[PDB]
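To start, the structure under review is shown below, and the notes come after it.
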Amino acid sequence: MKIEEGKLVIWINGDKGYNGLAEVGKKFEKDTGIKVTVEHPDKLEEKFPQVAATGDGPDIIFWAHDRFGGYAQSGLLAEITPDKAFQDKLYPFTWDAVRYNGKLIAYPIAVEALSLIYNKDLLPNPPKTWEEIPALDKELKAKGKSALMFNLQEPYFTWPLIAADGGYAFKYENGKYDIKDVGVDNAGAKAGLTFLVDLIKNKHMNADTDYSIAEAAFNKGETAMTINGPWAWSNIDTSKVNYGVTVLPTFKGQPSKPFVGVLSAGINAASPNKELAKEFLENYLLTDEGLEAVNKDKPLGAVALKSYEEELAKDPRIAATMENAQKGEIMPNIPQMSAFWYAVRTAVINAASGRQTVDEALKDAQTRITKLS
Ligand SMILES: OC[C@H]1O[C@H](O[C@H]2[C@H](O)[C@@H](O)[C@H](O)O[C@@H]2CO)[C@H](O)[C@@H](O)[C@@H]1O
Ligand SMILES: [Au+]
Ligand SMILES: [Cl-]
Ligand SMILES: [Cl-]
Ligand SMILES: [Cl-]
Ligand SMILES: [Cl-]
Ligand SMILES: [Cl-]
Ligand SMILES: [Cl-]
Ligand SMILES: [Cl-]
Ligand SMILES: [Cl-]
């Protein structure tokens, strides 16, 4: 549709609780008479710049914070200025994830970290270690099962392994990220992707498995483990798989370091409904009842709102999510992050498919990222 004064349009990814957010929309409309339309288009993070200037696109856009600094660089985001009373309702470190060049450019919603999810019936004692997965897959294959399936088409899911032995995106040193110091082809990064590719070479994993195939196999009881975030928990609840959430496997003794995202709601700088957007986000979404309605649809993870997080922290699944988050790092929000994801995605896909060696896939990824900053 088209952006119009008097009504809100919200974009959020299809794997999130858009039906729950729509319930918050209905509450807002009952209170204010302002209809709220929640859409989940494909490739919404790539479309938002090409539509904000034309007058399409949303009033409010949800995504992990890593993309927002590139949006702010093009002026697509409105500066958010909550007063001290509202800022204190969210954890300080989540505000930092949406601060770009001194200005807050979004509202933090929830904190996302990948975890090892496993079938308690197929696997009462899951492995603590990547190195013991092949032997486990061999034993499960003889019973008609597999050990591990997760999305190999998005580098997000492979990055905890790559970073375990020392891979990193942009080196952070004393205040800022060094955009010319990229760490995707260093020794640790190469050792991580190499281990992944040898799982595939030895038929302990399939290069073509994406999100749906990984989810379906685990939720049907065909694979013993998957790697996913909290949004996936709802579909597992429905499947009636006795599942647990636990610490990611280690590699060469070191923990996997997932890239941590803060799901954030930015306001289109050209929105005719700036105030309504802040009103909706501050007074309806970022409340105990609002986050509850979204979380019941698809779990958010560690919510940024402290009052609601103190209740969710008692859940062992959330405790495991936080533990994996403490071992990883929070993503940078700098504009160079889109070049980083694009290039690492090619490296992972080429290496897994055999189109390239692990070494030259990561060396090519390194060259592309460094040259473009
Ligand atoms: O794989 C590259 C992308 O990784 C993350 O995207 C995550 C996102 O954080 C999460 O909420 C969503 O449900 O899953 C995707 C992975 O497909 C970064 O946030 C993106 O910017 C990257 O492009
Ligand atoms: Au957490
Ligand atoms: Cl639906
Ligand atoms: Cl502005
Ligand atoms: Cl903090
Ligand atoms: Cl800053
Ligand atoms: Cl910086
Ligand atoms: Cl090195
Ligand atoms: Cl996919
Ligand atoms: Cl961190």
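Identifiers in the structure tokens: chain A, B, ... in order shown; residue index from 1 per chain; ligand index from 1 in order shown.
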message = Can you tell me which residues surround residue 23 of chain A at a distance of at most 10 Å, considering only C-alpha atoms, apart from same-chain residues fewer than 3 positions away, and format the answer as a count of residues only?
response = 14
Please write out the residues within 9 Å of ligand 4 as a JSON list (two decimals) with N, CA and C atoms, in the first residue's frame, counting only C-alpha atoms and all ligand atoms.
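Writing done, so here's selection.json:
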[["chain", "number", "residue", "atom", "x", "y", "z"],
["A", 75, "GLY", "N", 19.92, 8.57, 6.00],
["A", 75, "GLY", "CA", 18.90, 9.42, 6.58],
["A", 75, "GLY", "C", 17.51, 8.84, 6.61],
["A", 76, "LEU", "N", 17.39, 7.51, 6.50],
["A", 76, "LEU", "CA", 16.08, 6.87, 6.43],
["A", 76, "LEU", "C", 15.38, 6.77, 7.78],
["A", 77, "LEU", "N", 16.10, 6.99, 8.88],
["A", 77, "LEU", "CA", 15.56, 6.78, 10.21],
["A", 77, "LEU", "C", 15.43, 8.10, 10.96],
["A", 78, "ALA", "N", 14.34, 8.24, 11.71],
["A", 78, "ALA", "CA", 14.11, 9.41, 12.54],
["A", 78, "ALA", "C", 14.79, 9.23, 13.88],
["A", 79, "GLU", "N", 15.40, 10.30, 14.38],
["A", 79, "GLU", "CA", 16.07, 10.23, 15.67],
["A", 79, "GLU", "C", 15.05, 10.06, 16.79],
["A", 80, "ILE", "N", 15.28, 9.07, 17.64],
["A", 80, "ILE", "CA", 14.40, 8.78, 18.77],
["A", 80, "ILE", "C", 14.97, 9.46, 20.01],
["A", 105, "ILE", "N", 18.56, 5.67, 17.08],
["A", 105, "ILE", "CA", 17.88, 5.61, 15.79],
["A", 105, "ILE", "C", 16.80, 4.53, 15.76],
["A", 268, "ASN", "N", 10.50, 5.45, 10.06],
["A", 268, "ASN", "CA", 10.84, 6.08, 8.79],
["A", 268, "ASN", "C", 10.97, 7.58, 8.97],
["A", 269, "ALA", "N", 12.13, 8.12, 8.59],
["A", 269, "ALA", "CA", 12.38, 9.55, 8.75],
["A", 269, "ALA", "C", 11.36, 10.38, 7.98],
["A", 270, "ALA", "N", 10.81, 9.84, 6.90],
["A", 270, "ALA", "CA", 9.80, 10.52, 6.10],
["A", 270, "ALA", "C", 8.38, 10.14, 6.51]]
request  = With only C-alpha atoms and all ligand atoms counted, collect every polymer residue having an atom within 7 Å of ligand 9; state the result as a PyMOL selection string.
outcome  = chain A and resi 151+153-154+210-212
May I have the selected residues written with N, CA, C and O atoms, as a tab-separated table (two decimals), in the first residue's frame?
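And here's out.tsv as it stands now:
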chain	number	residue	atom	x	y	z
A	151	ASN	N	20.04	-24.13	9.17
A	151	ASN	CA	20.04	-23.36	7.94
A	151	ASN	C	21.47	-23.03	7.51
A	151	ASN	O	22.19	-22.32	8.22
A	153	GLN	N	22.03	-21.62	4.41
A	153	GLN	CA	21.95	-20.60	3.37
A	153	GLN	C	22.10	-19.18	3.90
A	153	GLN	O	22.33	-18.26	3.11
A	154	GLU	N	21.96	-18.98	5.21
A	154	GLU	CA	22.20	-17.68	5.81
A	154	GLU	C	23.41	-17.76	6.72
A	154	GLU	O	23.43	-18.61	7.63
A	210	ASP	N	18.09	-25.56	4.13
A	210	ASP	CA	17.77	-24.19	4.49
A	210	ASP	C	16.92	-24.18	5.77
A	210	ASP	O	16.84	-25.17	6.50
A	211	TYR	N	16.28	-23.04	6.03
A	211	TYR	CA	15.53	-22.87	7.27
A	211	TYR	C	14.37	-23.86	7.36
A	211	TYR	O	14.20	-24.54	8.38
A	212	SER	N	13.57	-23.96	6.30
A	212	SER	CA	12.38	-24.82	6.34
A	212	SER	C	12.75	-26.28	6.53
A	212	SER	O	12.14	-26.99	7.34
message = 12 Å from ligand 10 is the threshold here; counting only C-alpha atoms and all ligand atoms, which polymer residues fall inside it? Answer as a PyMOL selection string.
response = chain A and resi 93-94+96-97+111+113+172+257-262+322-332
Exercise: residue 180 of chain A partners within 12 Å, only C-alpha atoms, chain neighbours under 5 positions left out, as an mmCIF file with C-alpha atoms, in the first residue's frame:
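What ended up in out.cif:
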data_model
loop_
_atom_site.group_PDB
_atom_site.id
_atom_site.type_symbol
_atom_site.label_atom_id
_atom_site.label_comp_id
_atom_site.auth_asym_id
_atom_site.auth_seq_id
_atom_site.Cartn_x
_atom_site.Cartn_y
_atom_site.Cartn_z
ATOM 1 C CA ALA A 169 33.684 -9.135 11.480
ATOM 2 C CA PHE A 170 35.358 -5.796 12.256
ATOM 3 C CA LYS A 171 37.962 -5.457 14.998
ATOM 4 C CA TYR A 172 36.733 -3.225 17.827
ATOM 5 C CA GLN A 336 29.748 -1.852 6.377
ATOM 6 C CA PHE A 340 29.976 -8.138 5.495
ATOM 7 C CA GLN A 366 37.866 -10.860 3.021
ATOM 8 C CA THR A 367 39.014 -8.976 -0.086
ATOM 9 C CA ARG A 368 35.497 -7.826 -0.982
ATOM 10 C CA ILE A 369 34.715 -6.506 2.508
ATOM 11 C CA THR A 370 38.066 -4.748 2.965
ATOM 12 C CA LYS A 371 37.983 -3.154 -0.497
ATOM 13 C CA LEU A 372 34.483 -1.741 0.079
ATOM 14 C CA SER A 373 35.481 0.076 3.284
#
key: Distance criterion (only C-alpha atoms and all ligand atoms): nearest to ligand 7 out of A:47, A:176, A:40, A:145   = A:176
Compile a residue-level contact table for chain A against ligand 8 at a cut-off of 12 Å, reporting for every qualifying residue the shortest atom pair and its distance in Å to one decimal, with only C-alpha atoms and all ligand atoms counted, rows ordered by chain and ascending number, as JSON lines.
{"residue": "A:165", "atom": "CA", "partner": "ligand 8", "partner_atom_place_in_ligand_line": "1 (Cl)", "distance": 10.0}
{"residue": "A:166", "atom": "CA", "partner": "ligand 8", "partner_atom_place_in_ligand_line": "1 (Cl)", "distance": 7.9}
{"residue": "A:167", "atom": "CA", "partner": "ligand 8", "partner_atom_place_in_ligand_line": "1 (Cl)", "distance": 8.8}
{"residue": "A:168", "atom": "CA", "partner": "ligand 8", "partner_atom_place_in_ligand_line": "1 (Cl)", "distance": 10.8}
{"residue": "A:181", "atom": "CA", "partner": "ligand 8", "partner_atom_place_in_ligand_line": "1 (Cl)", "distance": 11.8}
{"residue": "A:182", "atom": "CA", "partner": "ligand 8", "partner_atom_place_in_ligand_line": "1 (Cl)", "distance": 11.0}
{"residue": "A:183", "atom": "CA", "partner": "ligand 8", "partner_atom_place_in_ligand_line": "1 (Cl)", "distance": 8.2}
{"residue": "A:184", "atom": "CA", "partner": "ligand 8", "partner_atom_place_in_ligand_line": "1 (Cl)", "distance": 9.8}
{"residue": "A:185", "atom": "CA", "partner": "ligand 8", "partner_atom_place_in_ligand_line": "1 (Cl)", "distance": 7.9}
{"residue": "A:186", "atom": "CA", "partner": "ligand 8", "partner_atom_place_in_ligand_line": "1 (Cl)", "distance": 4.3}
{"residue": "A:187", "atom": "CA", "partner": "ligand 8", "partner_atom_place_in_ligand_line": "1 (Cl)", "distance": 4.4}
{"residue": "A:188", "atom": "CA", "partner": "ligand 8", "partner_atom_place_in_ligand_line": "1 (Cl)", "distance": 6.7}
{"residue": "A:189", "atom": "CA", "partner": "ligand 8", "partner_atom_place_in_ligand_line": "1 (Cl)", "distance": 8.6}
{"residue": "A:190", "atom": "CA", "partner": "ligand 8", "partner_atom_place_in_ligand_line": "1 (Cl)", "distance": 9.2}
{"residue": "A:191", "atom": "CA", "partner": "ligand 8", "partner_atom_place_in_ligand_line": "1 (Cl)", "distance": 10.4}
request  = Kindly work out which residues sit at most 6 Å from ligand 6, using only C-alpha atoms and all ligand atoms, and give the list as a PyMOL selection string.
outcome  = chain A and resi 99-102
query = Counting only C-alpha atoms and all ligand atoms, which protein, DNA or RNA residues come within 10 Å of ligand 1, given as an MDAnalysis selection string?
reply = chainID A and resid 12:16 43 45:46 62:68 110:114 151:159 210:211 228:232 259:264 300 331 333 337:345
Write out, as a tab-separated table (two decimals), in the first residue's frame, the residues just selected, with C-alpha atoms.
chain	number	residue	atom	x	y	z
A	12	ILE	CA	8.61	-7.14	10.45
A	13	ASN	CA	10.22	-10.38	9.31
A	14	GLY	CA	8.09	-13.45	8.60
A	15	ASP	CA	9.74	-15.60	11.29
A	16	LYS	CA	8.58	-13.20	14.05
A	43	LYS	CA	13.52	-9.08	1.63
A	45	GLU	CA	15.54	-5.16	4.82
A	46	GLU	CA	16.67	-4.66	1.21
A	62	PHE	CA	11.49	-4.05	12.66
A	63	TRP	CA	14.87	-5.74	12.20
A	64	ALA	CA	17.99	-6.62	14.11
A	65	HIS	CA	20.03	-3.50	14.84
A	66	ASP	CA	22.95	-4.51	12.60
A	67	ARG	CA	21.26	-3.03	9.51
A	68	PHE	CA	20.12	0.27	11.02
A	110	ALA	CA	14.42	-7.94	22.38
A	111	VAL	CA	17.82	-9.65	22.39
A	112	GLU	CA	18.38	-12.65	20.11
A	113	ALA	CA	21.03	-15.37	20.37
A	114	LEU	CA	21.26	-18.78	18.73
A	151	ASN	CA	20.04	-23.36	7.94
A	152	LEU	CA	23.19	-23.27	5.81
A	153	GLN	CA	21.95	-20.60	3.37
A	154	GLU	CA	22.20	-17.68	5.81
A	155	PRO	CA	25.66	-17.06	7.32
A	156	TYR	CA	24.01	-15.98	10.60
A	157	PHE	CA	23.66	-19.64	11.59
A	158	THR	CA	27.24	-20.62	10.67
A	159	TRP	CA	28.89	-17.59	12.27
A	210	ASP	CA	17.77	-24.19	4.49
A	211	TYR	CA	15.53	-22.87	7.27
A	228	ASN	CA	17.93	-21.70	15.94
A	229	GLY	CA	16.70	-18.69	17.87
A	230	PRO	CA	13.78	-18.20	20.26
A	231	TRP	CA	11.26	-17.38	17.50
A	232	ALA	CA	11.46	-21.05	16.49
A	259	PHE	CA	26.46	-12.72	16.71
A	260	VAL	CA	23.83	-11.20	19.00
A	261	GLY	CA	21.04	-9.12	17.47
A	262	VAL	CA	18.74	-6.64	19.15
A	263	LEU	CA	15.38	-6.67	17.40
A	264	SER	CA	14.66	-2.98	16.94
A	300	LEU	CA	11.03	-12.68	21.36
A	331	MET	CA	26.64	-7.19	16.14
A	333	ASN	CA	25.53	-1.48	13.42
A	337	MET	CA	27.69	-4.67	7.95
A	338	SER	CA	25.63	-5.20	4.79
A	339	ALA	CA	28.80	-5.76	2.76
A	340	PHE	CA	29.98	-8.14	5.50
A	341	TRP	CA	26.84	-10.30	5.40
A	342	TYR	CA	26.63	-10.34	1.60
A	343	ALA	CA	30.24	-11.48	1.20
A	344	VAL	CA	30.24	-14.03	4.04
A	345	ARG	CA	27.01	-15.52	2.67
task = Just give me the gap between atom CA of residue 280 of chain A and atom CA of residue 307 of chain A in Å, one decimal is fine.
result =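 Atom CA of residue 280 of chain A sits 18.3 Å away from atom CA of residue 307 of chain A.
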query = Rounded to one decimal in Å, what is the spacing between atom CA of residue 39 of chain A and atom CA of residue 104 of chain A?
reply =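 Atom CA of residue 39 of chain A sits 24.5 Å away from atom CA of residue 104 of chain A.
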task = Kindly work out which residues sit at most 7 Å from ligand 7, using only C-alpha atoms and all ligand atoms, and give the list as a list in words.
result =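 Using only C-alpha atoms and all ligand atoms, everything at most 7 Å from ligand 7 comes to residues 175, 176, 177 and 334 of chain A.
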task = Run DSSP on the backbone and grab whatever in segment 207-342 of chain A lands in strand (DSSP E or B); send it over as a PyMOL selection string.
result = chain A and resi 223-228+243-246+250-251+254-255+259-268+302-303+305+329-330
Writing out the chosen residues with N, CA and C atoms as a compact mmCIF listing (two decimals), in the first residue's frame:
# COMPACT_ATOMS: atom_id res chain seq x y z
N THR A 223 15.81 -35.31 12.88
CA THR A 223 17.15 -34.93 13.29
C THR A 223 17.17 -34.69 14.80
N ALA A 224 18.33 -34.96 15.41
CA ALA A 224 18.43 -34.88 16.86
C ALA A 224 18.67 -33.46 17.35
N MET A 225 19.31 -32.62 16.53
CA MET A 225 19.63 -31.26 16.94
C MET A 225 19.39 -30.29 15.80
N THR A 226 19.09 -29.04 16.17
CA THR A 226 19.08 -27.92 15.25
C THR A 226 19.67 -26.72 15.97
N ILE A 227 20.02 -25.69 15.20
CA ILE A 227 20.54 -24.44 15.74
C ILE A 227 19.60 -23.33 15.30
N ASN A 228 18.94 -22.69 16.27
CA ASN A 228 17.93 -21.70 15.94
C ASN A 228 17.78 -20.73 17.10
N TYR A 243 11.88 -31.22 23.65
CA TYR A 243 13.09 -30.51 23.25
C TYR A 243 13.67 -29.72 24.42
N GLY A 244 14.98 -29.52 24.36
CA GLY A 244 15.67 -28.67 25.31
C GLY A 244 16.50 -27.63 24.59
N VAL A 245 16.85 -26.58 25.33
CA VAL A 245 17.63 -25.46 24.82
C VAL A 245 18.90 -25.37 25.65
N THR A 246 20.06 -25.35 24.99
CA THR A 246 21.30 -25.50 25.73
C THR A 246 22.44 -24.79 25.01
N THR A 250 31.26 -26.51 21.56
CA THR A 250 32.56 -25.87 21.54
C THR A 250 33.38 -26.37 20.36
N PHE A 251 34.41 -25.61 20.01
CA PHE A 251 35.31 -25.98 18.91
C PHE A 251 36.73 -25.70 19.35
N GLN A 254 37.00 -23.93 22.62
CA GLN A 254 36.44 -22.59 22.81
C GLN A 254 34.94 -22.59 22.49
N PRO A 255 34.16 -21.80 23.22
CA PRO A 255 32.72 -21.74 22.95
C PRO A 255 32.44 -21.09 21.61
N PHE A 259 26.69 -14.15 16.83
CA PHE A 259 26.46 -12.72 16.71
C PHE A 259 25.08 -12.40 17.28
N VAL A 260 25.05 -11.51 18.26
CA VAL A 260 23.83 -11.20 19.00
C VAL A 260 23.13 -10.02 18.34
N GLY A 261 21.85 -10.18 18.03
CA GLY A 261 21.04 -9.12 17.47
C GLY A 261 20.07 -8.58 18.50
N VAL A 262 19.83 -7.28 18.42
CA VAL A 262 18.74 -6.64 19.15
C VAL A 262 17.65 -6.32 18.13
N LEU A 263 16.53 -7.01 18.23
CA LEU A 263 15.38 -6.67 17.40
C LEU A 263 14.93 -5.26 17.73
N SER A 264 14.89 -4.40 16.72
CA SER A 264 14.66 -2.98 16.94
C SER A 264 13.59 -2.46 15.98
N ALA A 265 12.86 -1.46 16.45
CA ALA A 265 11.80 -0.81 15.67
C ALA A 265 12.26 0.60 15.33
N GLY A 266 12.56 0.84 14.06
CA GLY A 266 12.92 2.16 13.58
C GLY A 266 11.72 2.85 12.96
N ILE A 267 11.75 4.18 12.99
CA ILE A 267 10.68 5.01 12.44
C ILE A 267 11.21 5.67 11.17
N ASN A 268 10.50 5.45 10.06
CA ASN A 268 10.84 6.08 8.79
C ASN A 268 10.97 7.58 8.97
N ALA A 302 15.23 -12.45 24.99
CA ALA A 302 15.40 -11.60 26.17
C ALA A 302 14.88 -10.21 25.84
N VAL A 303 13.69 -9.88 26.34
CA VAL A 303 13.08 -8.60 26.02
C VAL A 303 13.93 -7.46 26.58
N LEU A 305 12.68 -4.73 27.75
CA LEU A 305 11.95 -4.14 28.87
C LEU A 305 12.21 -4.95 30.13
N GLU A 329 29.14 -12.05 20.71
CA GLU A 329 29.28 -10.59 20.73
C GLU A 329 28.06 -9.97 20.07
N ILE A 330 27.74 -8.76 20.47
CA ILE A 330 26.65 -8.03 19.83
C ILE A 330 27.12 -7.49 18.50
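The residue that comes closest to ligand 5, out of A:351, A:304, A:117, A:106 and on the basis of only C-alpha atoms and all ligand atoms, is A:304.
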